[PDB]
Each structure stands twice: as structure tokens, then as C-alpha cells.
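J.: My questions will all concern the structure given below.
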Amino acid sequence: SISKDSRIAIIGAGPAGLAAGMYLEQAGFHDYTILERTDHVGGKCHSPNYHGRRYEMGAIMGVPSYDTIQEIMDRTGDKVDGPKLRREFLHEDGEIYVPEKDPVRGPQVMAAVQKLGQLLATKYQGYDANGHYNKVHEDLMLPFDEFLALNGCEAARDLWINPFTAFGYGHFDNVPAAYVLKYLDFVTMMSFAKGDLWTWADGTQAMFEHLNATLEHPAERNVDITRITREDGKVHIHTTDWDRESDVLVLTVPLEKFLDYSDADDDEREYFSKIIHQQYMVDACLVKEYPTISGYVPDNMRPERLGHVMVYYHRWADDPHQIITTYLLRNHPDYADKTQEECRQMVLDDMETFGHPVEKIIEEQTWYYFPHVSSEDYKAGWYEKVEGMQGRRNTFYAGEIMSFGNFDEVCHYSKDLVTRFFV
Ligand SMILES: Cc1cc2nc3c(=O)[nH]c(=O)nc-3n(C[C@H](O)[C@H](O)[C@H](O)COP(=O)(O)OP(=O)(O)OC[C@H]3O[C@@H](n4cnc5c(N)ncnc54)[C@H](O)[C@@H]3O)c2cc1C
Ligand code: NA
Ligand code: NA
């Protein structure tokens with residue numbers, strides 16, 4: 001419903017921004033500009049170099065159901081060519097164990113997982129749609145454990161938790177079911193269970209670097225946007241080097257932060273102020289005693305264990321002097337934030353306990369991760385409001401908050417945005 005001569009400003013050159021550009025271009029919208037704050041593209045798909053190979057400070061993997069990412073690879077020529085993923089399970093004291101062989105718990109999990117699968121296919125059909133503009137069943141608005149409890153499927157959490165909480169998405173005691181099941185829909189959960197997982201030799205960042213290259217208008221980098229105002233039916237953007245006018249604004253950046261440099265209206269302030277995010281910290285480590293496999297720590301995914309390492313990534317199996325990244329969470333609604341100080345010490349103390357002591361941390365990042373809203377705010381209609389606001393003063397809303405904090409979900413949402421409002 002937008003004219004092709006519309007000047008479109010895309011904020012953010014992560015997967016969501018780059019995809020917005022790709023799919024606008026492909027629909028015949030050629031006057032777009034992507035504005036990126038940093039000197040690089042890919043956002044949280046971030047793959048730096050060390051000793052001739054790239055490691056992952058962010059996203060690592062996908063599943064075969066990453067249809068939109070497949071479309072992106074078709075465009076760039078990239079292939080799923082990374083090292084195969086495999087894992088073991090550790091207790092908080094470093095003891096290796098196999099949860100699948102628990103005689104009492106094992107059959108409980110498998111019963112719940114099967115019952116849930118059947119409920120998802122029928123009672124909750126539609127749960128798995130990208131975005132939240134299609135209003136989900138009320139049960140899905142509850143925290144994941146409450147959702148499970150209502151259906152007698154509590155034991156399902158043992159399977160679902162490992163690719164969720166450890167991957168920094170937070171805890172089932174509070175994170176609403178709708179987020180969990182849009183990412184870990186039954187097919188995706190199964191793909192994780194089987195280990196049918198994509199990785200990239202040159203990192204997840206590589207294909208978005210290449211996507212950028214294939215664009216008619218690659219991202220403008222190092223753009224320090226100080227002001228956006230939206231009067232007279234136009235979008236005026238002010239940076240450090242220039243101020244310029246566009247017709248349409250497309251946001252793939254943190255929307256609560258956008259409040260601080262925009263003429264945000266009453267609804268934007270009110271609703272974007274409700275956004276909560278995860279403080280997810282990655283440390284890239286040189287280790288003595290190199291693992292021979294990646295490790296998960298369900299024990300350390302309990303809220304009572306916030307700040308502890310929940311998982312570590314074994315990437316290059318052939319070189320014991322390569323990077324092993326560790327993952328912990330710094331926040332939870334029921335607790336005060338953990339300091340970077342105390343969490344870094346837990347990285348040292350946890351890895352030594354696991355038998356993989358750290359010689360060096362060469363890089364650390366706490367990421368702005370998984371923007372979402374509370375079960376109450378979800379129930380109160382958050383996305384009915386925000387999706388209802390779409391196109392208001394030529395501003396459109398996208399990125400992680402409108403879908404989910406994964407790179408297929410955001411790209412798929414960007415694709416559909418063009419379908420929903422532009423064509
Ligand atoms: C440790 C880790 C593990 C992950 N694991 C997976 C996984 O297994 N599978 C998966 O699918 N995803 C995974 N992800 C999530 C995935 O990387 C993100 O969901 C994805 O990058 C989202 O893309 P986005 O563009 O929507 O936001 P982002 O990736 O955060 O990119 C946003 C962009 O906007 C820019 N920006 C922000 N503010 C401004 C400003 N005001 N002005 C201009 N530009 C701005 C940023 O610099 C950035 O480039 C992981 C991420 C991390 C950190
Ligand atoms: Na299992
Ligand atoms: Na999905």
C-alpha cells in the first residue's frame with residue numbers, strides 16, 4: 001500500500017534490517033537506505049577471527065525449517081558448511097550424565113513431549129505462526145511452565161529448556177509460552193533433539209555480510225542518529241554528519257531505546273517502556289584441557305543458579321588452542337542483576353569445575369538479547385496495540401520484539417512486513 005517511489009529508511013543492519021532491504025528490493029522498492037550505528041553488519045550474528053578461522057560471539061545455528069534463511073543463502077551463494085554440532089550433559093559439579101537414561105524421569109518427559117505435540121497440532125493450531133499479529137490462544141499468553149501445568153505436560157520442559165534458557169532466552173517460570181513455541185515449535189524442537197542443525201564454517205555473520213553485498217543499497221555504517229521527528233507526513237532523520245528526509249521509517253532496532261531519540265508519541269512511550277530484555281554474556285576462552293564435545297548444564301539453568309555457565313561451545317575439534325565460548329545469563333525477574341564482575345569469575349570457577357580451566361578470555365560481550373513483554377502485558381494486549389500502530393506516521397515496527405529473538409524469525413517477519421503493508 002506504499003508507493004515504490006517512497007524513500008524508505010531502515011534502521012539497523014542486523015538480519016532484520018538486511019532482510020527488510022532484500023525483500024523490499026525484490027518487491028520493486030529501490031529507494032531504500034539502511035542505517036547502521038556500528039562499523040559492521042550482522043548484529044548478533046557476529047563471527048570474529050582468531051588464528052585463521054572464525055569463532056562465534058553470537059548466533060551459531062539454525063534448523064532445516066529456516067525457510068527464509070534458505071532464501072537468503074540462495075541469494076548470496078552461501079552453504080551450510082560448518083562443523084557438526086554435538087553435546088553432552090553436565091551437572092553443576094562437572095559430572096557427565098545422560099538424562100535420556102533416567103529410569104523415572106525419562107518416561108515422564110517422553111509422555112509429556114508426545115502429549116504436548118498432539119495438543120499443539122489440534123487445541124493450539126496456529127501457535128507457530130511468525131509474529132504475534134494473529135492473536136494466540138489465551139493459554140499461550142501464560143509463562144511456559146504454567147502453560148505446561150495447565151495441560152499436565154510439566155515434564156516436557158526438560159527437553160525444551162536446553163535450546164531455550166541456555167541459549168539466553170530466559171526462564172520458563174516467567175517467559176510467555178508464545179515466544180517459546182514460535183521458536184521451538186514441535187518440528188524445531190525435534191530437529192534440536194535429533195541434532196539436525198545448521199552451522200557455518202565462516203560464521204553466521206558471513207551470509208549477512210554477503211547479503212549486504214548483494215543489495216542494491218548496502219548498509220550505511222557508522223551512522224550516529226541523534227534525532228528522528230515525524231511531522232507533515234515525512235520522516236526527518238538527524239545524524240552527526242547530516243540530517244535528511246524520508247517518506248517511510250522501518251525500525252529493526254530496540255524500540256524502548258528509540259524513545260530516547262525520537263518524537264515518540266503517547267503510545268510509543270507507554271508500550272515500548274514495557275519491553276524487557278535479557279542480559280546474555282558470552283566469553284570467548286582459551287582453555288587448558290580442551291573439551292572433545294560441547295556441554296550443557298541443566299543444573300545451571302535454574303533461576304537459583306543465575307550467573308552460572310549454562311552451556312559452552314566446542315567449535316573447532318582439531319585444535320586445542322582454539323576458542324571455546326561460554327554462555328551465562330545476568331538477569332531474571334525474581335532477582336537483582338548479576339554483575340559482570342561476579343559472572344566473569346563464575347566463568348573461571350565453573351569451567352575449572354567442569355575440568356576445562358580457562359587460561360584466557362580474549363573477548364567478552366553482554367548482548368541486548370531477547371526483547372519481549374511479560375505474561376501480564378502480553379495478556380493485556382501488547383501486540384494488538386503495537387501491530388495496530390503499524391504504519392502510523394509512516395513508521396513500521398519490526399526486529400526481535402515483534403517476532404522472536406532468532407535470525408530466521410526476524411528475517412521471516414521482515415519478508416512478511418513487505419507483503420503485509422508495502423506491496
Ligand atoms: C550468544 C547468541 C546466541 C544466539 N543463538 C542463536 C541461534 O542459535 N539461532 C538463531 O536463529 N539466533 C541466535 N541468536 C540470535 C540472533 O543472532 C538474533 O536474534 C539476530 O541477530 C537478530 O537480528 P536483528 O537485526 O533483528 O537484531 P540484531 O541482530 O541485534 O541487530 C540489530 C542491529 O541494529 C543496529 N542498531 C541498534 N541501535 C541502533 C541505532 N540507534 N542506530 C543505528 N543502528 C542501530 C545494531 O548495531 C545491529 O547491527 C543468538 C545470539 C547470541 C548473541
Ligand atoms: Na530427549
Ligand atoms: Na517459527
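Chain labels run A, B, ... following the order of the C-alpha cells; each chain numbers its residues from 1, and ligands are numbered from 1 in the order shown.
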Set the cut-off to 6 Å, count only C-alpha atoms and all ligand atoms, and list whatever residues fall near ligand 1 as a ChimeraX atom specification.
T.: /A:11-17,35-38,41-45,57-62,167,225,252-253,367,399-400,405-408,410
J.: Keeping only C-alpha atoms, write those residues as a PDB file, in the first residue's frame.
T.:
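Now in out14.pdb:
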```pdb
ATOM      1  CA  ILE A  11      17.263   1.429  10.985  1.00  0.00           C
ATOM      2  CA  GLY A  12      19.639  -1.410  11.950  1.00  0.00           C
ATOM      3  CA  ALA A  13      21.776  -3.597   9.634  1.00  0.00           C
ATOM      4  CA  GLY A  14      21.403  -6.875  11.525  1.00  0.00           C
ATOM      5  CA  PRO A  15      19.497  -9.790   9.968  1.00  0.00           C
ATOM      6  CA  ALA A  16      16.136  -7.954  10.283  1.00  0.00           C
ATOM      7  CA  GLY A  17      17.322  -4.731   8.603  1.00  0.00           C
ATOM      8  CA  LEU A  35      21.303   2.948   8.635  1.00  0.00           C
ATOM      9  CA  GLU A  36      23.730   1.083  10.941  1.00  0.00           C
ATOM     10  CA  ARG A  37      25.267   2.521  14.114  1.00  0.00           C
ATOM     11  CA  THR A  38      28.425   0.358  14.164  1.00  0.00           C
ATOM     12  CA  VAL A  41      26.704  -5.700   9.644  1.00  0.00           C
ATOM     13  CA  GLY A  42      25.079  -8.844  11.053  1.00  0.00           C
ATOM     14  CA  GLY A  43      24.272  -7.533  14.539  1.00  0.00           C
ATOM     15  CA  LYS A  44      24.180 -10.536  16.895  1.00  0.00           C
ATOM     16  CA  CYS A  45      25.289 -12.817  14.083  1.00  0.00           C
ATOM     17  CA  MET A  57      30.365 -14.401  19.612  1.00  0.00           C
ATOM     18  CA  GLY A  58      26.653 -14.668  18.722  1.00  0.00           C
ATOM     19  CA  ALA A  59      24.335 -16.952  16.755  1.00  0.00           C
ATOM     20  CA  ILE A  60      25.763 -20.332  15.834  1.00  0.00           C
ATOM     21  CA  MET A  61      22.988 -22.466  14.363  1.00  0.00           C
ATOM     22  CA  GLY A  62      19.729 -22.985  12.511  1.00  0.00           C
ATOM     23  CA  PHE A 167      20.526 -20.022  24.600  1.00  0.00           C
ATOM     24  CA  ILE A 225      21.393   9.048  14.634  1.00  0.00           C
ATOM     25  CA  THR A 252      14.579  -3.127  13.371  1.00  0.00           C
ATOM     26  CA  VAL A 253      16.292  -1.617  16.451  1.00  0.00           C
ATOM     27  CA  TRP A 367      24.299  -8.636  24.465  1.00  0.00           C
ATOM     28  CA  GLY A 399      13.017  -6.865  14.593  1.00  0.00           C
ATOM     29  CA  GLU A 400      13.188  -9.154  17.599  1.00  0.00           C
ATOM     30  CA  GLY A 405      14.977 -13.248  19.248  1.00  0.00           C
ATOM     31  CA  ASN A 406      16.256 -15.547  16.451  1.00  0.00           C
ATOM     32  CA  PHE A 407      17.580 -14.721  12.998  1.00  0.00           C
ATOM     33  CA  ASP A 408      15.116 -16.757  10.939  1.00  0.00           C
ATOM     34  CA  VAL A 410      13.218 -11.709  12.373  1.00  0.00           C
TER      35      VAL A 410
END
```
J.: Could you give me the residues within 10 Å of ligand 3, counting only C-alpha atoms and all ligand atoms, as a ChimeraX atom specification?
T.: /A:65-67,127-131,179-188,403-404,406,408-410,412
J.: Restricting the output to N, CA, C and O atoms, write the selected residues as an mmCIF file, in the first residue's frame.
T.:
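Saved result, again_2.cif, follows:
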```
data_model
loop_
_atom_site.group_PDB
_atom_site.id
_atom_site.type_symbol
_atom_site.label_atom_id
_atom_site.label_comp_id
_atom_site.auth_asym_id
_atom_site.auth_seq_id
_atom_site.Cartn_x
_atom_site.Cartn_y
_atom_site.Cartn_z
ATOM 1 N N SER A 65 14.118 -26.114 8.918
ATOM 2 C CA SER A 65 12.898 -25.314 8.752
ATOM 3 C C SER A 65 13.181 -23.793 8.722
ATOM 4 O O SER A 65 12.258 -22.994 8.799
ATOM 5 N N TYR A 66 14.444 -23.393 8.606
ATOM 6 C CA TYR A 66 14.782 -21.965 8.474
ATOM 7 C C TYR A 66 14.565 -21.511 7.024
ATOM 8 O O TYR A 66 15.506 -21.117 6.339
ATOM 9 N N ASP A 67 13.315 -21.553 6.573
ATOM 10 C CA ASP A 67 12.988 -21.306 5.159
ATOM 11 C C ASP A 67 13.483 -19.949 4.645
ATOM 12 O O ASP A 67 14.058 -19.871 3.559
ATOM 13 N N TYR A 127 -0.421 -21.525 16.839
ATOM 14 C CA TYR A 127 0.648 -21.113 17.761
ATOM 15 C C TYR A 127 1.996 -20.796 17.084
ATOM 16 O O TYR A 127 2.748 -19.919 17.551
ATOM 17 N N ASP A 128 2.298 -21.516 16.000
ATOM 18 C CA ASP A 128 3.621 -21.473 15.380
ATOM 19 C C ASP A 128 3.797 -20.419 14.301
ATOM 20 O O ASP A 128 4.883 -20.289 13.755
ATOM 21 N N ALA A 129 2.748 -19.651 14.016
ATOM 22 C CA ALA A 129 2.846 -18.544 13.064
ATOM 23 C C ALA A 129 3.925 -17.512 13.504
ATOM 24 O O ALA A 129 4.123 -17.231 14.706
ATOM 25 N N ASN A 130 4.639 -16.982 12.519
ATOM 26 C CA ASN A 130 5.626 -15.950 12.760
ATOM 27 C C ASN A 130 4.911 -14.675 13.215
ATOM 28 O O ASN A 130 3.820 -14.358 12.739
ATOM 29 N N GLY A 131 5.508 -13.969 14.165
ATOM 30 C CA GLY A 131 4.904 -12.751 14.710
ATOM 31 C C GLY A 131 3.735 -13.069 15.627
ATOM 32 O O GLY A 131 3.434 -14.243 15.864
ATOM 33 N N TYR A 179 6.332 -17.095 22.928
ATOM 34 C CA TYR A 179 7.703 -16.940 22.462
ATOM 35 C C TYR A 179 8.348 -18.312 22.286
ATOM 36 O O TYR A 179 8.945 -18.590 21.249
ATOM 37 N N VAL A 180 8.186 -19.178 23.282
ATOM 38 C CA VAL A 180 8.895 -20.464 23.304
ATOM 39 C C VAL A 180 8.521 -21.282 22.078
ATOM 40 O O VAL A 180 9.402 -21.785 21.372
ATOM 41 N N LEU A 181 7.208 -21.372 21.836
ATOM 42 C CA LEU A 181 6.643 -22.280 20.850
ATOM 43 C C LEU A 181 6.671 -21.745 19.403
ATOM 44 O O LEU A 181 6.502 -22.520 18.451
ATOM 45 N N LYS A 182 6.911 -20.443 19.245
ATOM 46 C CA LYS A 182 7.186 -19.840 17.932
ATOM 47 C C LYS A 182 8.624 -20.108 17.475
ATOM 48 O O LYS A 182 8.871 -20.258 16.279
ATOM 49 N N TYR A 183 9.560 -20.164 18.420
ATOM 50 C CA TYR A 183 10.926 -20.640 18.171
ATOM 51 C C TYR A 183 10.970 -22.167 18.183
ATOM 52 O O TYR A 183 11.132 -22.815 17.129
ATOM 53 N N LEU A 184 10.803 -22.753 19.359
ATOM 54 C CA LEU A 184 10.783 -24.209 19.480
ATOM 55 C C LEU A 184 9.380 -24.733 19.238
ATOM 56 O O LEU A 184 8.710 -25.226 20.146
ATOM 57 N N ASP A 185 8.927 -24.618 17.998
ATOM 58 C CA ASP A 185 7.709 -25.296 17.600
ATOM 59 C C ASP A 185 8.044 -26.778 17.533
ATOM 60 O O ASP A 185 9.223 -27.163 17.645
ATOM 61 N N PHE A 186 7.038 -27.624 17.424
ATOM 62 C CA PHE A 186 7.305 -29.047 17.616
ATOM 63 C C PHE A 186 8.375 -29.565 16.637
ATOM 64 O O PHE A 186 9.230 -30.351 17.012
ATOM 65 N N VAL A 187 8.346 -29.099 15.396
ATOM 66 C CA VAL A 187 9.315 -29.553 14.397
ATOM 67 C C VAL A 187 10.736 -29.096 14.709
ATOM 68 O O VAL A 187 11.698 -29.825 14.487
ATOM 69 N N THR A 188 10.859 -27.878 15.225
ATOM 70 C CA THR A 188 12.161 -27.314 15.556
ATOM 71 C C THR A 188 12.733 -28.030 16.771
ATOM 72 O O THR A 188 13.892 -28.438 16.753
ATOM 73 N N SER A 403 8.602 -10.422 16.796
ATOM 74 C CA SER A 403 8.629 -11.821 16.395
ATOM 75 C C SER A 403 9.270 -12.636 17.518
ATOM 76 O O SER A 403 8.604 -13.008 18.482
ATOM 77 N N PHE A 404 10.564 -12.896 17.399
ATOM 78 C CA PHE A 404 11.296 -13.615 18.425
ATOM 79 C C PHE A 404 12.766 -13.331 18.221
ATOM 80 O O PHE A 404 13.178 -12.980 17.113
ATOM 81 N N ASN A 406 15.391 -14.712 17.320
ATOM 82 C CA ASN A 406 16.256 -15.547 16.451
ATOM 83 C C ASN A 406 16.280 -15.029 15.022
ATOM 84 O O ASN A 406 15.419 -14.232 14.637
ATOM 85 N N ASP A 408 16.120 -16.384 11.930
ATOM 86 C CA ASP A 408 15.116 -16.757 10.939
ATOM 87 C C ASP A 408 13.802 -16.039 11.214
ATOM 88 O O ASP A 408 13.133 -15.586 10.292
ATOM 89 N N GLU A 409 13.450 -15.913 12.489
ATOM 90 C CA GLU A 409 12.166 -15.328 12.866
ATOM 91 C C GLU A 409 12.101 -13.871 12.462
ATOM 92 O O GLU A 409 11.084 -13.432 11.906
ATOM 93 N N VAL A 410 13.175 -13.124 12.722
ATOM 94 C CA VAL A 410 13.218 -11.709 12.373
ATOM 95 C C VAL A 410 13.244 -11.479 10.855
ATOM 96 O O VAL A 410 12.589 -10.564 10.364
ATOM 97 N N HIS A 412 12.118 -13.605 8.508
ATOM 98 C CA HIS A 412 10.757 -14.024 8.096
ATOM 99 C C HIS A 412 9.711 -12.925 8.376
ATOM 100 O O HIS A 412 8.837 -12.627 7.538
#
```
J.: Using only C-alpha atoms and all ligand atoms, which residues have at least one atom no more than 8 Å from ligand 2? Output them as a PyMOL selection string.
T.: chain A and resi 99-100+109-110+159+193
J.: Please, which residues of region 240-422 of chain A, numbered as in this document, come out helix (DSSP H, G or I) from DSSP, as JSON, numbers by chain?
T.: {"A": [255, 256, 257, 258, 259, 260, 261, 266, 267, 268, 269, 270, 271, 272, 298, 299, 300, 301, 303, 304, 305, 340, 341, 342, 343, 344, 345, 346, 347, 348, 349, 350, 351, 352, 353, 354, 375, 376, 377, 378, 379, 382, 383, 384, 385, 386, 387, 388, 392, 393, 394, 400, 401, 402, 407, 408, 409, 410, 411, 412, 413, 414, 415, 416, 417, 418, 419, 420, 421, 422]}
J.: Work out how far apart CA of residue 221 (chain A) and CA of residue 18 (chain A) are and give it in Å to one decimal.
T.: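 Answer for the CA of residue 221 (chain A) to CA of residue 18 (chain A) separation: 12.5 Å.
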J.: Tell me, which residues of region 146-309 of chain A carry DSSP strand (DSSP E), written as number ranges by chain?
T.: A: 225-229, 235-239, 243-246, 248-251, 276-287, 294-296, 309
J.: Within 12 Å of residue 235 (chain A), counting only C-alpha atoms, which residues show up once you throw out same-chain ones fewer than 2 positions away? Write them as a list in words, please.
T.: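 Near neighbours after the sequence-gap exclusion: residues 6, 7, 8, 9, 10, 227, 228, 229, 230, 231, 232, 233, 237, 238, 243, 244, 245, 246, 247, 248, 249, 250, 262, 263, 392, 393, 394, 395 and 396 of chain A.
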J.: Kindly provide the residues of region 150-254 of chain A that approach region 319-327 of chain A to within 12 Å, each paired with its closest atom pair and their distance in Å to one decimal, based on only C-alpha atoms, listed by chain and increasing number, as JSON lines.
T.:
```
{"residue": "A:165", "atom": "CA", "partner": "A:327", "partner_atom": "CA", "distance": 10.3}
{"residue": "A:166", "atom": "CA", "partner": "A:327", "partner_atom": "CA", "distance": 7.2}
{"residue": "A:167", "atom": "CA", "partner": "A:327", "partner_atom": "CA", "distance": 7.6}
{"residue": "A:168", "atom": "CA", "partner": "A:327", "partner_atom": "CA", "distance": 7.6}
{"residue": "A:169", "atom": "CA", "partner": "A:327", "partner_atom": "CA", "distance": 11.4}
```
J.: Can I get the selected residues back with C-alpha atoms, as a JSON list (two decimals), in the first residue's frame?
T.:
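In the end it all went to selection17.json:
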```json
[["chain", "number", "residue", "atom", "x", "y", "z"],
["A", 165, "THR", "CA", 17.19, -21.00, 28.64],
["A", 166, "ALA", "CA", 20.83, -21.96, 27.91],
["A", 167, "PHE", "CA", 20.53, -20.02, 24.60],
["A", 168, "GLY", "CA", 19.83, -17.00, 26.76],
["A", 169, "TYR", "CA", 16.11, -16.67, 26.24]]
```
J.: Residue 354 (chain A): which residues within 7 Å, counting only C-alpha atoms, same-chain residues fewer than 2 positions away excluded, as a ChimeraX atom specification?
T.: /A:93-94,350-352,356
J.: Which residues are near residue 280 (chain A)? Cut-off 7 Å, only C-alpha atoms, ignore same chain within fewer than 6 positions. Put them as a JSON list (two decimals) with C-alpha atoms, in the first residue's frame.
T.:
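Resulting contents of part_24.json:
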```json
[["chain", "number", "residue", "atom", "x", "y", "z"],
["A", 168, "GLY", "CA", 19.83, -17.00, 26.76],
["A", 328, "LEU", "CA", 25.51, -17.28, 31.15],
["A", 329, "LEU", "CA", 22.56, -15.05, 31.99],
["A", 330, "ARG", "CA", 22.73, -11.97, 34.22],
["A", 366, "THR", "CA", 26.94, -8.81, 27.19],
["A", 367, "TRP", "CA", 24.30, -8.64, 24.47],
["A", 369, "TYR", "CA", 19.07, -10.00, 23.99]]
```
